[PDB]
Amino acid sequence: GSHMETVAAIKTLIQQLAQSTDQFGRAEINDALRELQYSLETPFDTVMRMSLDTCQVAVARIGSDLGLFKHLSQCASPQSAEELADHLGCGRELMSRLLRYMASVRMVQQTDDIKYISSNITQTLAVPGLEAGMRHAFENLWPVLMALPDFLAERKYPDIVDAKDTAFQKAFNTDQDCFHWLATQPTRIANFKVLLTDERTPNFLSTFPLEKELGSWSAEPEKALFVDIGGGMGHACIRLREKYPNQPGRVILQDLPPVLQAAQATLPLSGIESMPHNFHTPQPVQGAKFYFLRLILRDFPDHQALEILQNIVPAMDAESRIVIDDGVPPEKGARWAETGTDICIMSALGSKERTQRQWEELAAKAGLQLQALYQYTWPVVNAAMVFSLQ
């Protein structure tokens, strides 16, 4: 045989195994491919990889600035480096070198006659919410990660527990915490507004046993079934009303006024209320069945997350539940997608990922006890944790 024939055969077999399974099996296969790559690389390969994989975010940012990915995604035929350069207003040599690099990391695809077509990654980077995620990685995460090593060295490697005293303050030369500082930056606010439009899949309703959790709960008089606290575009409310259209009870999306305004266009005309509410203030809706917090508490250290829960707890009755939908990394063998997040949010927000036991300790500080845990993603675990009053 030959190295090329062996490589093609590996690809053929891995592709057959991947299609055959579901999305969780494909995620497990991808994690295995990454681990194999790390185990088989040479020392020089390790250093080269660490040196050069960072180029991907910068070059994706350049392609986004140029509008290259959306343009290539709508192109019917392969495009030369000339055509793309002239159309997008880029230097021809610069464009050619960028495209060669992008093709080498599958950001685009290069044809046999050295022309260019969209890849899966091209299409992904053309989607506004995902492009906004990439831009957030470049303009928000990279600086904090840049500042983290010298920040830890200066401070003799402390345990970071405060949002106002972490790498972010050094990275952006400010006293403010990340959220307060971002509120003053219009372009970053706009990018976050676009990033909110991305909807994760799957969601908690794929495994959440709603009827069982409800039991004999009654919606009268005018009680709320579901209060989506910091619900963003209200994707959770939309999916809930879609899956259980005949279930009685108010479905309430709570967020800040600008986000609710952004959400108005894609919300259904009836069945979901938009209610301006700051979750650092007491919860107005009394005795709701579910108070839902998805990807909220992960962004706050224990003190602030506890304060958010303490703003909710006095509104609960015996049947009320607080549903924390968030990451629940394992005690051991956590994956890169749950630990890298931990490092990023430590550096930018002073917060952390929490194991199930850590979630239970935090919630017990608020007077809550865990009743059930409903995983809905694998192998990186996201779960809806249902808490009741102690």
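The first residue of the shown sequence is 1; numbering continues from there.
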{"query": "Mean Cα B-factor comparison, 117 to 125 or 184 to 192, giving the higher one as deposited", "finding": "184 to 192"}
{"query": "Average Cα temperature factor in the PDB entry - higher stretch of 315 to 323, 288 to 296", "finding": "315 to 323"}
{"query": "Out of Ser218, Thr197, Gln304, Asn203, highest CA B-factor residue", "finding": "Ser218"}
{"query": "Top residue by Cα temperature factor, when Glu131, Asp255, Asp165, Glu139 are compared in the entry", "finding": "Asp165"}
{"query": "B-factor third for the C-alpha atom of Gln15 within its chain", "finding": "lowest"}
{"query": "Record-listed C-alpha B factor of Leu98: chain third", "finding": "lowest"}
{"query": "Within-chain third of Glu331 by Cα B-factor, per the entry", "finding": "highest"}
{"query": "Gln109 - which third its CA temperature factor falls in, relative to the rest of the chain", "finding": "lowest"}
{"query": "Where the record places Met233 (Cα B-factor, split into thirds across the chain)", "finding": "middle"}
